[PDB]
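Participant: For reference, this is structure04.cif, and it has mmCIF, C-alpha atoms and all ligand atoms.
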```
data_final
loop_
_atom_site.group_PDB
_atom_site.id
_atom_site.type_symbol
_atom_site.label_atom_id
_atom_site.label_comp_id
_atom_site.auth_asym_id
_atom_site.auth_seq_id
_atom_site.Cartn_x
_atom_site.Cartn_y
_atom_site.Cartn_z
ATOM 1 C CA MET A 1 -4.940 16.457 -8.275
ATOM 2 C CA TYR A 2 -4.659 16.829 -4.489
ATOM 3 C CA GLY A 3 -1.616 15.116 -2.955
ATOM 4 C CA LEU A 4 -3.828 12.561 -1.256
ATOM 5 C CA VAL A 5 -4.316 10.861 -4.685
ATOM 6 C CA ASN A 6 -0.567 10.600 -5.205
ATOM 7 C CA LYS A 7 0.088 9.449 -1.630
ATOM 8 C CA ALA A 8 -2.499 6.737 -2.195
ATOM 9 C CA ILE A 9 -0.733 5.511 -5.359
ATOM 10 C CA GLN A 10 2.552 5.503 -3.467
ATOM 11 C CA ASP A 11 0.832 3.579 -0.664
ATOM 12 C CA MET A 12 -0.745 0.951 -2.972
ATOM 13 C CA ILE A 13 2.467 0.308 -4.933
ATOM 14 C CA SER A 14 4.635 0.259 -1.812
ATOM 15 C CA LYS A 15 2.356 -2.066 0.143
ATOM 16 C CA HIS A 16 1.964 -4.339 -2.872
ATOM 17 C CA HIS A 17 5.417 -4.362 -4.504
ATOM 18 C CA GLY A 18 7.770 -3.017 -1.822
ATOM 19 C CA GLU A 19 9.723 0.230 -1.365
ATOM 20 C CA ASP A 20 12.362 -0.639 -3.962
ATOM 21 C CA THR A 21 9.756 -0.811 -6.730
ATOM 22 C CA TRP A 22 8.087 2.379 -5.600
ATOM 23 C CA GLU A 23 11.402 4.237 -5.543
ATOM 24 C CA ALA A 24 12.055 2.936 -9.054
ATOM 25 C CA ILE A 25 8.654 4.027 -10.295
ATOM 26 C CA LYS A 26 9.110 7.403 -8.584
ATOM 27 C CA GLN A 27 12.435 7.859 -10.402
ATOM 28 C CA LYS A 28 11.129 6.723 -13.822
ATOM 29 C CA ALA A 29 8.274 9.228 -13.525
ATOM 30 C CA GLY A 30 10.852 11.953 -13.021
ATOM 31 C CA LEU A 31 9.723 12.706 -9.471
ATOM 32 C CA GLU A 32 12.748 11.940 -7.256
ATOM 33 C CA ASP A 33 12.884 15.649 -6.328
ATOM 34 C CA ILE A 34 9.472 15.379 -4.622
ATOM 35 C CA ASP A 35 10.409 13.866 -1.221
ATOM 36 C CA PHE A 36 6.924 13.119 0.121
ATOM 37 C CA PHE A 37 3.551 14.126 -1.298
ATOM 38 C CA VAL A 38 1.608 16.799 0.669
ATOM 39 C CA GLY A 39 -1.941 15.466 1.080
ATOM 40 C CA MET A 40 -3.777 18.784 0.919
ATOM 41 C CA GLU A 41 -1.550 20.449 -1.687
ATOM 42 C CA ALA A 42 -2.794 20.743 -5.293
ATOM 43 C CA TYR A 43 -0.420 19.030 -7.713
ATOM 44 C CA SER A 44 -0.304 19.253 -11.504
ATOM 45 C CA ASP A 45 -2.383 16.331 -12.863
ATOM 46 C CA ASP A 46 0.752 15.276 -14.745
ATOM 47 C CA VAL A 47 2.421 14.098 -11.566
ATOM 48 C CA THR A 48 -0.407 11.544 -11.289
ATOM 49 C CA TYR A 49 -0.381 10.527 -14.953
ATOM 50 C CA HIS A 50 3.381 10.210 -14.845
ATOM 51 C CA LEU A 51 3.258 7.968 -11.813
ATOM 52 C CA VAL A 52 0.690 5.698 -13.494
ATOM 53 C CA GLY A 53 2.695 5.539 -16.814
ATOM 54 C CA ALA A 54 5.897 4.812 -14.989
ATOM 55 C CA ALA A 55 4.290 2.126 -12.800
ATOM 56 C CA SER A 56 2.882 0.582 -15.965
ATOM 57 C CA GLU A 57 6.368 0.349 -17.489
ATOM 58 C CA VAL A 58 8.011 -0.841 -14.275
ATOM 59 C CA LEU A 59 5.392 -3.445 -13.337
ATOM 60 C CA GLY A 60 4.661 -4.564 -16.901
ATOM 61 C CA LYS A 61 0.926 -3.935 -16.657
ATOM 62 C CA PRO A 62 -1.245 -1.603 -18.759
ATOM 63 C CA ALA A 63 -2.038 1.762 -17.164
ATOM 64 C CA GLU A 64 -5.794 1.041 -17.321
ATOM 65 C CA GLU A 65 -5.372 -2.131 -15.313
ATOM 66 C CA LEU A 66 -3.416 -0.232 -12.634
ATOM 67 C CA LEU A 67 -6.226 2.379 -12.624
ATOM 68 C CA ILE A 68 -8.775 -0.314 -11.944
ATOM 69 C CA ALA A 69 -6.687 -1.640 -9.061
ATOM 70 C CA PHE A 70 -6.134 1.921 -7.860
ATOM 71 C CA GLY A 71 -9.873 2.723 -7.948
ATOM 72 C CA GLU A 72 -10.593 -0.242 -5.630
ATOM 73 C CA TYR A 73 -7.741 0.779 -3.319
ATOM 74 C CA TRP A 74 -8.959 4.385 -3.014
ATOM 75 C CA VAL A 75 -12.217 3.376 -1.321
ATOM 76 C CA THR A 76 -10.378 1.557 1.492
ATOM 77 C CA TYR A 77 -7.409 3.926 1.708
ATOM 78 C CA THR A 78 -9.465 7.081 2.210
ATOM 79 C CA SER A 79 -11.640 5.300 4.781
ATOM 80 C CA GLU A 80 -8.479 4.639 6.779
ATOM 81 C CA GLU A 81 -6.636 7.940 6.302
ATOM 82 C CA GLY A 82 -9.166 10.439 7.632
ATOM 83 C CA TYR A 83 -12.306 10.180 5.497
ATOM 84 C CA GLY A 84 -13.968 7.158 7.174
ATOM 85 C CA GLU A 85 -16.873 9.239 8.463
ATOM 86 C CA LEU A 86 -17.196 11.206 5.256
ATOM 87 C CA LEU A 87 -17.566 7.980 3.294
ATOM 88 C CA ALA A 88 -19.997 6.625 5.863
ATOM 89 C CA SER A 89 -22.111 9.798 5.588
ATOM 90 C CA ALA A 90 -22.440 9.080 1.833
ATOM 91 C CA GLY A 91 -24.767 6.156 2.341
ATOM 92 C CA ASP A 92 -25.172 2.520 3.216
ATOM 93 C CA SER A 93 -25.680 1.072 -0.283
ATOM 94 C CA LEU A 94 -24.056 1.356 -3.707
ATOM 95 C CA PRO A 95 -26.831 3.258 -5.387
ATOM 96 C CA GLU A 96 -27.284 5.723 -2.521
ATOM 97 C CA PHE A 97 -23.563 6.312 -2.399
ATOM 98 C CA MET A 98 -23.447 7.114 -6.137
ATOM 99 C CA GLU A 99 -26.469 9.382 -5.652
ATOM 100 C CA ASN A 100 -24.704 11.276 -2.824
ATOM 101 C CA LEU A 101 -21.261 11.537 -4.410
ATOM 102 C CA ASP A 102 -21.726 14.977 -6.013
ATOM 103 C CA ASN A 103 -22.704 16.161 -2.518
ATOM 104 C CA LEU A 104 -19.814 14.373 -0.876
ATOM 105 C CA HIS A 105 -17.385 16.211 -3.190
ATOM 106 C CA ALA A 106 -19.120 19.537 -2.491
ATOM 107 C CA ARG A 107 -18.220 18.943 1.172
ATOM 108 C CA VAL A 108 -14.622 18.135 0.201
ATOM 109 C CA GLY A 109 -14.543 21.212 -2.024
ATOM 110 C CA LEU A 110 -15.352 23.656 0.801
ATOM 111 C CA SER A 111 -11.923 23.538 2.423
ATOM 112 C CA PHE A 112 -9.986 22.875 -0.777
ATOM 113 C CA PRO A 113 -10.669 25.282 -3.628
ATOM 114 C CA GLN A 114 -8.532 23.581 -6.252
ATOM 115 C CA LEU A 115 -10.780 20.468 -6.120
ATOM 116 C CA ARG A 116 -12.158 19.692 -9.545
ATOM 117 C CA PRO A 117 -14.710 17.047 -8.641
ATOM 118 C CA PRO A 118 -16.191 14.992 -11.426
ATOM 119 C CA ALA A 119 -20.015 14.870 -11.783
ATOM 120 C CA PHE A 120 -21.892 11.516 -11.377
ATOM 121 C CA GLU A 121 -25.485 11.240 -12.555
ATOM 122 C CA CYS A 122 -27.568 8.111 -11.947
ATOM 123 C CA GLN A 123 -30.432 7.025 -14.160
ATOM 124 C CA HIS A 124 -31.832 4.066 -12.209
ATOM 125 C CA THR A 125 -33.318 1.468 -14.562
ATOM 126 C CA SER A 126 -34.555 -0.867 -11.796
ATOM 127 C CA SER A 127 -33.907 -1.642 -8.119
ATOM 128 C CA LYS A 128 -30.813 -3.577 -9.253
ATOM 129 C CA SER A 129 -29.508 -1.535 -12.198
ATOM 130 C CA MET A 130 -28.579 1.943 -13.301
ATOM 131 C CA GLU A 131 -27.024 3.972 -16.108
ATOM 132 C CA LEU A 132 -24.170 6.080 -14.646
ATOM 133 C CA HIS A 133 -23.031 9.229 -16.440
ATOM 134 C CA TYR A 134 -19.519 10.239 -15.381
ATOM 135 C CA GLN A 135 -18.535 13.764 -16.314
ATOM 136 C CA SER A 136 -14.998 14.831 -15.574
ATOM 137 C CA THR A 137 -12.580 17.668 -16.175
ATOM 138 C CA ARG A 138 -9.920 14.926 -16.547
ATOM 139 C CA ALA A 139 -9.204 12.386 -19.295
ATOM 140 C CA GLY A 140 -8.444 8.679 -18.930
ATOM 141 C CA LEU A 141 -9.822 7.873 -15.474
ATOM 142 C CA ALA A 142 -12.838 5.885 -16.537
ATOM 143 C CA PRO A 143 -11.095 2.688 -15.624
ATOM 144 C CA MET A 144 -10.436 4.078 -12.149
ATOM 145 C CA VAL A 145 -14.190 4.703 -11.861
ATOM 146 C CA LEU A 146 -14.625 1.045 -12.733
ATOM 147 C CA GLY A 147 -12.284 0.140 -9.847
ATOM 148 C CA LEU A 148 -14.134 2.575 -7.562
ATOM 149 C CA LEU A 149 -17.491 0.919 -8.202
ATOM 150 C CA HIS A 150 -15.992 -2.498 -7.324
ATOM 151 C CA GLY A 151 -14.453 -0.928 -4.230
ATOM 152 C CA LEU A 152 -17.995 0.131 -3.272
ATOM 153 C CA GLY A 153 -19.540 -3.286 -4.021
ATOM 154 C CA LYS A 154 -16.968 -4.696 -1.645
ATOM 155 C CA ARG A 155 -17.666 -1.968 0.949
ATOM 156 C CA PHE A 156 -21.409 -2.705 0.849
ATOM 157 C CA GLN A 157 -21.059 -6.490 0.311
ATOM 158 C CA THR A 158 -22.943 -6.172 -2.997
ATOM 159 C CA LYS A 159 -22.026 -8.047 -6.161
ATOM 160 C CA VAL A 160 -21.733 -5.503 -8.982
ATOM 161 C CA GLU A 161 -21.141 -5.672 -12.716
ATOM 162 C CA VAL A 162 -19.911 -2.659 -14.610
ATOM 163 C CA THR A 163 -19.920 -2.262 -18.363
ATOM 164 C CA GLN A 164 -18.898 1.009 -20.007
ATOM 165 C CA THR A 165 -21.076 1.877 -23.051
ATOM 166 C CA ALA A 166 -19.905 5.388 -24.047
ATOM 167 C CA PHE A 167 -16.263 6.483 -24.158
ATOM 168 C CA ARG A 168 -15.064 10.069 -23.573
ATOM 169 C CA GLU A 169 -11.642 9.156 -24.957
ATOM 170 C CA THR A 170 -13.119 8.449 -28.381
ATOM 171 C CA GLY A 171 -14.650 11.954 -28.420
ATOM 172 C CA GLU A 172 -18.058 11.054 -27.023
ATOM 173 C CA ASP A 173 -19.479 13.673 -24.654
ATOM 174 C CA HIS A 174 -18.949 11.646 -21.481
ATOM 175 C CA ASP A 175 -18.297 8.145 -20.181
ATOM 176 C CA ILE A 176 -21.479 6.150 -19.533
ATOM 177 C CA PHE A 177 -21.525 2.913 -17.548
ATOM 178 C CA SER A 178 -24.241 0.277 -17.337
ATOM 179 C CA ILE A 179 -24.357 -1.146 -13.825
ATOM 180 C CA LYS A 180 -26.089 -4.194 -12.332
ATOM 181 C CA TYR A 181 -25.843 -4.821 -8.604
ATOM 182 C CA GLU A 182 -27.269 -6.923 -5.802
HETATM 183 O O1 LIG B 201 -12.593 12.508 -12.718
HETATM 184 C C1 LIG B 201 -11.909 13.025 -11.817
HETATM 185 O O2 LIG B 201 -11.495 14.184 -11.917
HETATM 186 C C2 LIG B 201 -11.313 12.218 -10.679
HETATM 187 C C3 LIG B 201 -12.092 10.954 -10.398
HETATM 188 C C4 LIG B 201 -11.315 10.013 -9.482
HETATM 189 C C5 LIG B 201 -11.038 10.568 -8.079
HETATM 190 N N1 LIG B 201 -12.222 10.895 -7.271
HETATM 191 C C6 LIG B 201 -12.922 9.661 -6.884
HETATM 192 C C7 LIG B 201 -14.362 9.950 -6.505
HETATM 193 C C8 LIG B 201 -14.962 8.685 -5.923
HETATM 194 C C9 LIG B 201 -15.784 7.891 -6.725
HETATM 195 C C10 LIG B 201 -16.374 6.729 -6.221
HETATM 196 F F1 LIG B 201 -17.173 5.970 -7.000
HETATM 197 C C11 LIG B 201 -16.151 6.349 -4.906
HETATM 198 C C12 LIG B 201 -15.335 7.149 -4.108
HETATM 199 C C13 LIG B 201 -14.762 8.314 -4.596
HETATM 200 O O3 LIG B 201 -13.993 9.048 -3.723
HETATM 201 C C14 LIG B 201 -14.607 9.638 -2.570
HETATM 202 C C15 LIG B 201 -13.642 10.703 -2.109
HETATM 203 C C16 LIG B 201 -13.318 11.748 -2.968
HETATM 204 C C17 LIG B 201 -12.356 12.697 -2.614
HETATM 205 C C18 LIG B 201 -11.784 12.698 -1.344
HETATM 206 C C19 LIG B 201 -10.859 13.693 -0.997
HETATM 207 C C20 LIG B 201 -10.391 13.854 0.300
HETATM 208 C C21 LIG B 201 -9.474 14.851 0.629
HETATM 209 C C22 LIG B 201 -9.037 15.728 -0.360
HETATM 210 C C23 LIG B 201 -8.039 16.815 -0.092
HETATM 211 F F2 LIG B 201 -6.871 16.449 -0.566
HETATM 212 F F3 LIG B 201 -7.877 17.042 1.190
HETATM 213 F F4 LIG B 201 -8.407 17.896 -0.745
HETATM 214 C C24 LIG B 201 -9.505 15.581 -1.665
HETATM 215 C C25 LIG B 201 -10.451 14.608 -1.959
HETATM 216 C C26 LIG B 201 -12.157 11.671 -0.489
HETATM 217 C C27 LIG B 201 -13.066 10.672 -0.852
HETATM 218 C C28 LIG B 201 -11.839 11.631 -6.031
HETATM 219 C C29 LIG B 201 -11.156 12.965 -6.328
HETATM 220 C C30 LIG B 201 -11.843 13.930 -7.057
HETATM 221 C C31 LIG B 201 -11.174 15.117 -7.390
HETATM 222 C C32 LIG B 201 -9.884 15.376 -6.943
HETATM 223 C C33 LIG B 201 -9.194 16.673 -7.319
HETATM 224 O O4 LIG B 201 -9.732 17.430 -8.167
HETATM 225 O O5 LIG B 201 -8.051 16.888 -6.879
HETATM 226 C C34 LIG B 201 -9.204 14.416 -6.203
HETATM 227 C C35 LIG B 201 -9.864 13.229 -5.888
#
```
So that I can check it, write out the structure of this file as structure tokens.
Ligand SMILES: O=C(O)CCCCN(CCc1cc(F)ccc1OCc1ccc(-c2ccc(C(F)(F)F)cc2)cc1)Cc1ccc(C(=O)O)cc1
Facilitator:
Amino acid sequence: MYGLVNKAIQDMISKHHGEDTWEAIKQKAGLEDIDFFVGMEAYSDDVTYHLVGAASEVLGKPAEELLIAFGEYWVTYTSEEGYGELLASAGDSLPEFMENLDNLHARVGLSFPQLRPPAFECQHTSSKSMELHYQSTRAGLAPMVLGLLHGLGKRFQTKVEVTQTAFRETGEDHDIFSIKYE
């Protein structure tokens, strides 16, 4: 993934657990060569997976729990590190944001060819609910998407409940989430 994702993980862990713990996690993951992450440089996905695995071992939390935390963090982090206006342009409510996300990533993709944006499709079931189909070229990030949705509920001051109903990791076509929101 683009370096920005790995910088954001470094930032979350550092802010939350201190530099010592981050350095440890960095070393466990086998990444002490890499001095800083370059935000607009494409990295092998494995660098990301290895950071999450290693942070899981070091902090004593499951990877999927860290992904949820990380998903929430991403929404705030990117707003503060140069994508505040981009996120604003995506809408002023949770459903509109999820509707615009494929288009938001298109705009990211223009400058940055190695972007592999996931696809998000909304089937709105009422004015307070939707089925969300999440289609990704990556495995194992559904819990991050859970975190992301909560990051957005916070951003828009909307209470939101997310329940996954189809699981890509068990060989289903794609993750599907049932969402209820204020
Ligand atoms: O499944 C998957 O593959 C990954 C799913 C999890 C990650 N994705 C979250 C999408 C999301 C979901 C959401 F609900 C809310 C917010 C969200 O973010 C808004 C946002 C999205 C992206 C940038 C940005 C900014 C800059 C750059 C660059 F580095 F300069 F290139 C790159 C991306 C900013 C804001 C972002 C993503 C997607 C693909 C890649 C890549 O392929 O590398 C990297 C990151």
Participant: Please, which residues have at least one atom within 8 Å of an atom of ligand LIG 201 (chain B), using only C-alpha atoms and all ligand atoms, listed as a PyMOL selection string?
Facilitator: chain A and resi 1-5+39-43+71+74-75+78-79+83+86-87+97-98+101+104-105+108-109+111-112+114-119+134-139+141-142+144-146+148-149+151-152
Participant: Could you check which of A:130, A:34, A:179, A:24 is closest to residue A:7, using only C-alpha atoms?
Facilitator: A:34
Participant: For residue A:29, which of A:106, A:67, A:8, A:52 is the closest residue, counting only C-alpha atoms?
Facilitator: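 Answer, going by the shortest atom-to-atom distance: A:52.
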Participant: Using atom CA of residue A:6 and atom CA of residue A:50 as the two end points, give the distance in Å to one decimal.
Facilitator: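 Separation between atom CA of residue A:6 and atom CA of residue A:50: 10.4 Å.
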Participant: Do you have the atom CA of residue A:66-atom CA of residue A:158 distance handy?
Facilitator: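 Taking atom CA of residue A:66 and atom CA of residue A:158, their separation equals 22.6 Å.
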Participant: Counting only C-alpha atoms, what is within 12 Å of residue A:178, bar same-chain residues fewer than 5 positions away, as a PyMOL selection string?
Facilitator: chain A and resi 122-126+128-134+146+149+160-166
Participant: Next, dump the selected residues to file, keeping only C-alpha atoms, as a compact mmCIF listing (two decimals), in the coordinates of the input.
Facilitator:
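Now in selection_30.txt:
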```txt
# COMPACT_ATOMS: atom_id res chain seq x y z
CA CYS A 122 -27.57 8.11 -11.95
CA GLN A 123 -30.43 7.02 -14.16
CA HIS A 124 -31.83 4.07 -12.21
CA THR A 125 -33.32 1.47 -14.56
CA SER A 126 -34.56 -0.87 -11.80
CA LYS A 128 -30.81 -3.58 -9.25
CA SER A 129 -29.51 -1.54 -12.20
CA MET A 130 -28.58 1.94 -13.30
CA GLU A 131 -27.02 3.97 -16.11
CA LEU A 132 -24.17 6.08 -14.65
CA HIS A 133 -23.03 9.23 -16.44
CA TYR A 134 -19.52 10.24 -15.38
CA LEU A 146 -14.62 1.04 -12.73
CA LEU A 149 -17.49 0.92 -8.20
CA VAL A 160 -21.73 -5.50 -8.98
CA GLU A 161 -21.14 -5.67 -12.72
CA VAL A 162 -19.91 -2.66 -14.61
CA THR A 163 -19.92 -2.26 -18.36
CA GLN A 164 -18.90 1.01 -20.01
CA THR A 165 -21.08 1.88 -23.05
CA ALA A 166 -19.90 5.39 -24.05
```
Participant: Starting from the shown file, work through the PyMOL selection byres (((chain A and resi 156) around 7) and not hetatm) and note down what comes out as a list in words.
Facilitator: residues 92, 93, 94, 152, 153, 154, 155, 157 and 158 of chain A
Participant: Which of these residues is nearest to residue A:60, using only C-alpha atoms: A:99, A:10, A:36, A:25?
Facilitator: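 Smallest separation from residue A:60 among the options: A:25.
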Participant: Just how far from atom CA of residue A:102 is atom CA of residue A:120, in Å to one decimal?
Facilitator: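 These atoms are spaced 6.4 Å apart.
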Participant: Taking into account all atoms listed in the file, which residue in the set A:159, A:180, A:26, A:16 is nearest to residue A:54?
Facilitator: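 Using all atoms listed in the file, residue A:54 sits closest to A:26.
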Participant: With distances taken over only C-alpha atoms, which of A:175, A:59, A:143, A:37 is nearest to residue A:18?
Facilitator: A:59
Participant: Around stretch 118-135 of chain A, with edges along x, y and z and 6 Å added on all six sides, what centre and edge lengths do you get, in Å to one decimal, as JSON?
Facilitator:
```
{"center_x": -25.4, "center_y": 5.7, "center_z": -12.3, "size_x": 30.4, "size_y": 30.6, "size_z": 20.3}
```
Participant: How would you write as a PyMOL selection string the residues that get within 6 Å of (5.6, 1.1, -8.3) in the file's frame, counting all atoms listed in the file?
Facilitator: chain A and resi 13+21-22+25+55
Participant: Would you fill the gaps in stretch 72-106 of chain A so it has N, CA and C atoms, then print it as a CSV table (one decimal), in the coordinates of the input?
Facilitator:
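Written output follows (rebuild-v4.csv):
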```
chain,number,residue,atom,x,y,z
A,72,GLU,N,-10.2,0.6,-6.8
A,72,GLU,CA,-10.6,-0.2,-5.6
A,72,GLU,C,-9.9,0.2,-4.3
A,73,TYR,N,-8.6,0.4,-4.5
A,73,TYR,CA,-7.7,0.8,-3.3
A,73,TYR,C,-8.2,2.1,-2.6
A,74,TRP,N,-8.6,3.0,-3.4
A,74,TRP,CA,-9.0,4.4,-3.0
A,74,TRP,C,-10.1,4.3,-2.0
A,75,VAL,N,-11.1,3.5,-2.2
A,75,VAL,CA,-12.2,3.4,-1.3
A,75,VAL,C,-11.8,3.0,0.1
A,76,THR,N,-10.9,2.0,0.2
A,76,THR,CA,-10.4,1.6,1.5
A,76,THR,C,-9.4,2.5,2.1
A,77,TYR,N,-8.4,3.0,1.2
A,77,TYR,CA,-7.4,3.9,1.7
A,77,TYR,C,-8.0,5.2,2.3
A,78,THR,N,-8.9,5.9,1.6
A,78,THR,CA,-9.5,7.1,2.2
A,78,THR,C,-10.3,6.8,3.5
A,79,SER,N,-10.9,5.6,3.6
A,79,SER,CA,-11.6,5.3,4.8
A,79,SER,C,-10.7,5.2,6.0
A,80,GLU,N,-9.4,4.9,5.7
A,80,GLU,CA,-8.5,4.6,6.8
A,80,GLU,C,-7.6,5.8,7.0
A,81,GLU,N,-7.5,6.8,6.1
A,81,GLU,CA,-6.6,7.9,6.3
A,81,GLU,C,-7.3,9.3,6.6
A,82,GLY,N,-8.5,9.2,7.2
A,82,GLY,CA,-9.2,10.4,7.6
A,82,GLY,C,-10.5,10.8,7.0
A,83,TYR,N,-11.1,9.9,6.2
A,83,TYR,CA,-12.3,10.2,5.5
A,83,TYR,C,-13.3,9.0,5.7
A,84,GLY,N,-13.0,8.2,6.7
A,84,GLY,CA,-14.0,7.2,7.2
A,84,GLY,C,-15.4,7.6,7.4
A,85,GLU,N,-15.5,8.7,8.2
A,85,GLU,CA,-16.9,9.2,8.5
A,85,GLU,C,-17.5,9.9,7.3
A,86,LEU,N,-16.7,10.6,6.5
A,86,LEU,CA,-17.2,11.2,5.3
A,86,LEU,C,-17.8,10.1,4.3
A,87,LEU,N,-17.1,9.0,4.2
A,87,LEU,CA,-17.6,8.0,3.3
A,87,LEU,C,-18.8,7.4,3.9
A,88,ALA,N,-18.8,7.1,5.2
A,88,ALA,CA,-20.0,6.6,5.9
A,88,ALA,C,-21.2,7.5,5.7
A,89,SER,N,-21.0,8.9,5.7
A,89,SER,CA,-22.1,9.8,5.6
A,89,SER,C,-22.7,9.7,4.2
A,90,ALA,N,-22.0,9.1,3.2
A,90,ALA,CA,-22.4,9.1,1.8
A,90,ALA,C,-23.5,8.0,1.6
A,91,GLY,N,-23.7,7.1,2.5
A,91,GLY,CA,-24.8,6.2,2.3
A,91,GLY,C,-24.4,4.7,2.7
A,92,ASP,N,-25.5,3.9,2.8
A,92,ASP,CA,-25.2,2.5,3.2
A,92,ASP,C,-25.5,1.5,2.1
A,93,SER,N,-25.5,2.0,0.8
A,93,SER,CA,-25.7,1.1,-0.3
A,93,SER,C,-25.0,1.7,-1.5
A,94,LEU,N,-24.8,0.9,-2.5
A,94,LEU,CA,-24.1,1.4,-3.7
A,94,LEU,C,-24.8,2.4,-4.4
A,95,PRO,N,-26.1,2.2,-4.7
A,95,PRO,CA,-26.8,3.3,-5.4
A,95,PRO,C,-26.9,4.6,-4.6
A,96,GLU,N,-27.1,4.5,-3.3
A,96,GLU,CA,-27.3,5.7,-2.5
A,96,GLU,C,-26.0,6.5,-2.5
A,97,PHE,N,-24.9,5.7,-2.4
A,97,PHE,CA,-23.6,6.3,-2.4
A,97,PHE,C,-23.3,7.1,-3.7
A,98,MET,N,-23.6,6.5,-4.8
A,98,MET,CA,-23.4,7.1,-6.1
A,98,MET,C,-24.4,8.3,-6.3
A,99,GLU,N,-25.6,8.2,-5.8
A,99,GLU,CA,-26.5,9.4,-5.7
A,99,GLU,C,-25.9,10.5,-4.8
A,100,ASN,N,-25.2,10.3,-3.7
A,100,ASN,CA,-24.7,11.3,-2.8
A,100,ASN,C,-23.3,11.8,-3.2
A,101,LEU,N,-22.6,11.2,-4.1
A,101,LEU,CA,-21.3,11.5,-4.4
A,101,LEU,C,-21.0,13.0,-4.8
A,102,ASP,N,-21.9,13.6,-5.7
A,102,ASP,CA,-21.7,15.0,-6.0
A,102,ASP,C,-21.8,15.8,-4.7
A,103,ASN,N,-22.6,15.4,-3.8
A,103,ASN,CA,-22.7,16.2,-2.5
A,103,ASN,C,-21.5,15.9,-1.6
A,104,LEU,N,-21.0,14.7,-1.6
A,104,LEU,CA,-19.8,14.4,-0.9
A,104,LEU,C,-18.6,15.2,-1.3
A,105,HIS,N,-18.5,15.4,-2.6
A,105,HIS,CA,-17.4,16.2,-3.2
A,105,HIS,C,-17.6,17.7,-2.9
A,106,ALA,N,-18.8,18.2,-3.1
A,106,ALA,CA,-19.1,19.5,-2.5
A,106,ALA,C,-18.5,19.8,-1.1
```
